[PDB]
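Shown next: upload.txt, given as compact mmCIF, N, CA and C atoms and all ligand atoms.
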```
# COMPACT_ATOMS: atom_id res chain seq x y z
N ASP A 23 -44.91 14.17 190.19
CA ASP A 23 -44.69 15.64 190.27
C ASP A 23 -44.42 16.08 191.70
N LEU A 24 -43.74 17.22 191.84
CA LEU A 24 -43.40 17.73 193.16
C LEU A 24 -44.64 17.87 194.04
N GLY A 25 -45.76 18.23 193.43
CA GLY A 25 -47.00 18.39 194.18
C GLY A 25 -47.39 17.11 194.89
N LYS A 26 -47.52 16.04 194.11
CA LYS A 26 -47.90 14.74 194.64
C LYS A 26 -46.91 14.25 195.69
N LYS A 27 -45.63 14.50 195.46
CA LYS A 27 -44.65 14.05 196.42
C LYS A 27 -44.76 14.83 197.71
N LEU A 28 -45.06 16.12 197.62
CA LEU A 28 -45.20 16.96 198.81
C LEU A 28 -46.43 16.55 199.62
N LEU A 29 -47.51 16.21 198.93
CA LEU A 29 -48.74 15.77 199.59
C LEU A 29 -48.45 14.47 200.34
N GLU A 30 -47.68 13.59 199.71
CA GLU A 30 -47.33 12.33 200.36
C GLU A 30 -46.40 12.57 201.53
N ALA A 31 -45.41 13.44 201.36
CA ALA A 31 -44.47 13.71 202.44
C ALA A 31 -45.18 14.28 203.65
N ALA A 32 -46.15 15.16 203.41
CA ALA A 32 -46.90 15.77 204.50
C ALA A 32 -47.77 14.70 205.18
N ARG A 33 -48.47 13.91 204.36
CA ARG A 33 -49.31 12.86 204.88
C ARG A 33 -48.50 11.92 205.78
N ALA A 34 -47.31 11.57 205.33
CA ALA A 34 -46.44 10.65 206.06
C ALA A 34 -45.68 11.28 207.23
N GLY A 35 -45.72 12.60 207.33
CA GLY A 35 -45.00 13.27 208.42
C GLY A 35 -43.49 13.26 208.22
N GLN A 36 -43.04 13.19 206.97
CA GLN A 36 -41.61 13.15 206.66
C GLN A 36 -41.11 14.58 206.41
N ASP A 37 -40.80 15.29 207.49
CA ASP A 37 -40.37 16.68 207.38
C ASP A 37 -39.11 16.85 206.57
N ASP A 38 -38.25 15.83 206.57
CA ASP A 38 -37.01 15.89 205.83
C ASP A 38 -37.33 15.99 204.37
N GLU A 39 -38.37 15.28 203.93
CA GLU A 39 -38.78 15.33 202.54
C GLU A 39 -39.51 16.64 202.23
N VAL A 40 -40.29 17.13 203.18
CA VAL A 40 -41.04 18.38 202.99
C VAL A 40 -40.07 19.54 202.78
N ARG A 41 -39.00 19.59 203.57
CA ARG A 41 -37.99 20.67 203.46
C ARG A 41 -37.32 20.67 202.09
N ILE A 42 -36.92 19.49 201.63
CA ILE A 42 -36.26 19.35 200.33
C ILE A 42 -37.20 19.69 199.18
N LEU A 43 -38.42 19.16 199.24
CA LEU A 43 -39.38 19.43 198.16
C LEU A 43 -39.73 20.92 198.05
N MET A 44 -39.92 21.57 199.19
CA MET A 44 -40.25 22.99 199.20
C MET A 44 -39.08 23.80 198.66
N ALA A 45 -37.88 23.45 199.12
CA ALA A 45 -36.66 24.10 198.67
C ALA A 45 -36.45 23.86 197.18
N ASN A 46 -37.14 22.87 196.62
CA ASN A 46 -37.03 22.57 195.19
C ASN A 46 -38.22 23.09 194.39
N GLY A 47 -39.00 23.98 194.99
CA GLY A 47 -40.14 24.55 194.30
C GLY A 47 -41.49 23.88 194.45
N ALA A 48 -41.61 22.88 195.33
CA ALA A 48 -42.89 22.20 195.52
C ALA A 48 -43.99 23.20 195.92
N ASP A 49 -45.17 23.07 195.31
CA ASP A 49 -46.32 23.96 195.57
C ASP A 49 -47.08 23.62 196.85
N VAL A 50 -47.02 24.47 197.86
CA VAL A 50 -47.73 24.19 199.10
C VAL A 50 -49.23 24.26 198.93
N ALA A 51 -49.69 24.73 197.77
CA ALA A 51 -51.13 24.83 197.48
C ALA A 51 -51.65 23.57 196.81
N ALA A 52 -50.77 22.58 196.59
CA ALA A 52 -51.19 21.33 195.94
C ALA A 52 -52.39 20.67 196.60
N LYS A 53 -53.19 19.94 195.82
CA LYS A 53 -54.33 19.26 196.40
C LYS A 53 -54.39 17.83 195.90
N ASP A 54 -54.86 16.90 196.74
CA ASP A 54 -54.98 15.51 196.34
C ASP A 54 -56.39 15.26 195.78
N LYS A 55 -56.78 14.00 195.64
CA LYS A 55 -58.10 13.65 195.09
C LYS A 55 -59.32 14.21 195.81
N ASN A 56 -59.18 14.50 197.10
CA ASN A 56 -60.28 15.02 197.90
C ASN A 56 -60.12 16.49 198.18
N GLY A 57 -59.27 17.14 197.41
CA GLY A 57 -59.03 18.56 197.62
C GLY A 57 -58.22 18.85 198.87
N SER A 58 -57.55 17.84 199.43
CA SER A 58 -56.74 18.04 200.63
C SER A 58 -55.37 18.62 200.28
N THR A 59 -54.94 19.66 200.99
CA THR A 59 -53.63 20.28 200.78
C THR A 59 -52.66 19.57 201.73
N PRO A 60 -51.34 19.80 201.59
CA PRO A 60 -50.33 19.18 202.47
C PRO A 60 -50.67 19.50 203.94
N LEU A 61 -51.14 20.73 204.18
CA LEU A 61 -51.51 21.15 205.52
C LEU A 61 -52.59 20.22 206.08
N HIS A 62 -53.61 19.94 205.27
CA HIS A 62 -54.70 19.04 205.71
C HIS A 62 -54.21 17.63 206.04
N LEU A 63 -53.36 17.06 205.17
CA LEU A 63 -52.87 15.69 205.39
C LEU A 63 -51.95 15.57 206.61
N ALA A 64 -51.07 16.55 206.77
CA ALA A 64 -50.19 16.54 207.93
C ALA A 64 -51.06 16.67 209.17
N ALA A 65 -52.07 17.53 209.09
CA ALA A 65 -52.96 17.75 210.22
C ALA A 65 -53.78 16.51 210.51
N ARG A 66 -54.35 15.90 209.47
CA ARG A 66 -55.16 14.70 209.69
C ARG A 66 -54.37 13.61 210.40
N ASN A 67 -53.07 13.51 210.11
CA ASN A 67 -52.27 12.48 210.76
C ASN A 67 -51.48 12.99 211.95
N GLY A 68 -51.85 14.18 212.41
CA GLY A 68 -51.23 14.79 213.58
C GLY A 68 -49.74 15.05 213.58
N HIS A 69 -49.20 15.43 212.44
CA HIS A 69 -47.79 15.72 212.31
C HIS A 69 -47.59 17.22 212.54
N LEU A 70 -47.58 17.60 213.82
CA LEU A 70 -47.44 19.00 214.21
C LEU A 70 -46.20 19.66 213.66
N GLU A 71 -45.09 18.93 213.62
CA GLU A 71 -43.86 19.51 213.09
C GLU A 71 -43.97 19.84 211.61
N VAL A 72 -44.63 18.98 210.83
CA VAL A 72 -44.77 19.27 209.41
C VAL A 72 -45.77 20.43 209.20
N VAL A 73 -46.82 20.47 210.02
CA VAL A 73 -47.83 21.54 209.96
C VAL A 73 -47.11 22.90 210.15
N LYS A 74 -46.23 23.00 211.15
CA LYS A 74 -45.48 24.23 211.39
C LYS A 74 -44.58 24.56 210.20
N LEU A 75 -43.87 23.58 209.66
CA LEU A 75 -43.03 23.85 208.48
C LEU A 75 -43.85 24.36 207.30
N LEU A 76 -44.98 23.72 207.05
CA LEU A 76 -45.79 24.16 205.94
C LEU A 76 -46.30 25.60 206.20
N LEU A 77 -46.75 25.90 207.41
CA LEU A 77 -47.26 27.25 207.71
C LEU A 77 -46.15 28.29 207.47
N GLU A 78 -44.96 28.00 207.99
CA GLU A 78 -43.84 28.91 207.82
C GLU A 78 -43.51 29.10 206.35
N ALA A 79 -43.81 28.09 205.54
CA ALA A 79 -43.55 28.16 204.10
C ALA A 79 -44.66 28.90 203.35
N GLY A 80 -45.60 29.46 204.10
CA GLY A 80 -46.67 30.21 203.47
C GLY A 80 -47.96 29.47 203.16
N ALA A 81 -48.15 28.26 203.69
CA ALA A 81 -49.38 27.50 203.42
C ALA A 81 -50.64 28.27 203.83
N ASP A 82 -51.68 28.23 203.00
CA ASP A 82 -52.92 28.92 203.34
C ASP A 82 -53.58 28.16 204.49
N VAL A 83 -53.48 28.71 205.69
CA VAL A 83 -54.04 28.05 206.86
C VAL A 83 -55.56 27.87 206.78
N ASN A 84 -56.22 28.66 205.93
CA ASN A 84 -57.68 28.57 205.83
C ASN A 84 -58.25 27.74 204.69
N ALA A 85 -57.37 27.11 203.92
CA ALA A 85 -57.78 26.25 202.82
C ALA A 85 -58.81 25.25 203.35
N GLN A 86 -59.85 25.00 202.56
CA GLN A 86 -60.93 24.07 202.91
C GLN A 86 -60.89 22.83 201.98
N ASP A 87 -61.09 21.63 202.53
CA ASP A 87 -61.05 20.42 201.72
C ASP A 87 -62.42 20.17 201.08
N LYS A 88 -62.68 18.96 200.56
CA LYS A 88 -63.97 18.69 199.90
C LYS A 88 -65.17 18.75 200.85
N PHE A 89 -64.91 18.58 202.14
CA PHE A 89 -65.96 18.61 203.15
C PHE A 89 -66.05 20.01 203.76
N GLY A 90 -65.31 20.94 203.17
CA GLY A 90 -65.30 22.30 203.67
C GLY A 90 -64.55 22.41 204.99
N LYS A 91 -63.66 21.47 205.29
CA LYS A 91 -62.94 21.56 206.56
C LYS A 91 -61.56 22.21 206.42
N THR A 92 -61.19 23.06 207.38
CA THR A 92 -59.84 23.67 207.37
C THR A 92 -58.98 22.69 208.24
N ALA A 93 -57.66 22.88 208.29
CA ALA A 93 -56.82 21.99 209.10
C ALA A 93 -57.21 22.12 210.57
N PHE A 94 -57.65 23.32 210.96
CA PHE A 94 -58.10 23.57 212.33
C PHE A 94 -59.35 22.73 212.58
N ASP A 95 -60.31 22.78 211.65
CA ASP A 95 -61.54 22.02 211.78
C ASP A 95 -61.24 20.52 211.99
N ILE A 96 -60.28 20.02 211.23
CA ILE A 96 -59.89 18.61 211.34
C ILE A 96 -59.33 18.35 212.75
N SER A 97 -58.41 19.21 213.19
CA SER A 97 -57.79 19.05 214.50
C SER A 97 -58.84 19.07 215.61
N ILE A 98 -59.91 19.84 215.42
CA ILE A 98 -60.99 19.90 216.39
C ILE A 98 -61.77 18.58 216.30
N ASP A 99 -62.12 18.16 215.09
CA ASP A 99 -62.84 16.89 214.92
C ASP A 99 -62.07 15.71 215.55
N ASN A 100 -60.75 15.73 215.41
CA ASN A 100 -59.88 14.68 215.91
C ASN A 100 -59.55 14.82 217.38
N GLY A 101 -59.94 15.95 217.95
CA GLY A 101 -59.68 16.21 219.35
C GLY A 101 -58.19 16.35 219.58
N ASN A 102 -57.46 16.89 218.61
CA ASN A 102 -56.02 17.07 218.81
C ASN A 102 -55.77 18.50 219.29
N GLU A 103 -55.79 18.66 220.61
CA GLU A 103 -55.59 19.96 221.26
C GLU A 103 -54.28 20.62 220.85
N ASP A 104 -53.20 19.85 220.78
CA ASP A 104 -51.92 20.42 220.39
C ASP A 104 -51.98 21.02 218.99
N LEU A 105 -52.61 20.30 218.07
CA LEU A 105 -52.73 20.78 216.69
C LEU A 105 -53.65 22.00 216.65
N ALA A 106 -54.84 21.87 217.23
CA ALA A 106 -55.78 22.99 217.23
C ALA A 106 -55.07 24.26 217.71
N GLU A 107 -54.24 24.13 218.74
CA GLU A 107 -53.50 25.28 219.29
C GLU A 107 -52.60 25.98 218.28
N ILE A 108 -51.90 25.20 217.48
CA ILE A 108 -51.00 25.74 216.47
C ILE A 108 -51.78 26.37 215.31
N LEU A 109 -52.96 25.85 215.04
CA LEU A 109 -53.79 26.28 213.91
C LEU A 109 -54.85 27.32 214.24
N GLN A 110 -55.08 27.55 215.52
CA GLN A 110 -56.12 28.47 215.92
C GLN A 110 -55.98 29.83 215.27
CO CO B 201 -38.63 13.76 210.89
CO CO B 202 -44.88 13.43 212.97
```
Mind turning the file's structure into structure tokens?
Ligand SMILES: [Co+2]
Ligand SMILES: [Co+2]
Amino acid sequence: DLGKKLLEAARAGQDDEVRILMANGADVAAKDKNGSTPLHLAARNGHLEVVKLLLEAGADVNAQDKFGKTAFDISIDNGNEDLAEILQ
């Protein structure tokens, strides 16, 4: 499903796939097995470019995963200053 593919594209940092999937109706609110949204996976793997695309596409920046973490929280845990800046 488009959801699963979008979650994978975000996780992998494949913005080319994220653009196509979104343009094809992919749900930016999708969640994987741990309640992680595309925003969370892109953030966890530090794909700042995909994080920006998802935000511009309307992604809920405050979505919380199974551990109650937002993408910002993850970026802070990971010490990714560049990411935290975009998500602050
Ligand atoms: Co790319
Ligand atoms: Co990347």
6.5 Å from ligand CO 202 (chain B) is the threshold here; counting all atoms listed in the file, which polymer residues fall inside it? Answer as a list in words.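 The neighbouring residues of ligand CO 202 (chain B) are, in order, residues 34, 35, 36, 68, 69, 70, 71 and 72 of chain A.
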Would you please work out which residue, of A:25, A:52, A:108, A:92, is nearest to residue A:73 when using only N, CA and C atoms? A:108
From the list A:61, A:85, A:31, A:24, which residue is nearest residue A:49 when using all atoms listed in the file?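 Answer, going by the shortest atom-to-atom distance: A:24.
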For residue A:28, find every residue with an atom within 6.5 Å (counting all atoms listed in the file), except residues of its own chain fewer than 6 positions away, and show them as a PyMOL selection string. chain A and resi 40+43+60
Rounded to one decimal place, report the atom CA of residue A:64-atom CA of residue A:32 distance in Å.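 Value for the atom CA of residue A:64-atom CA of residue A:32 distance: 4.8 Å.
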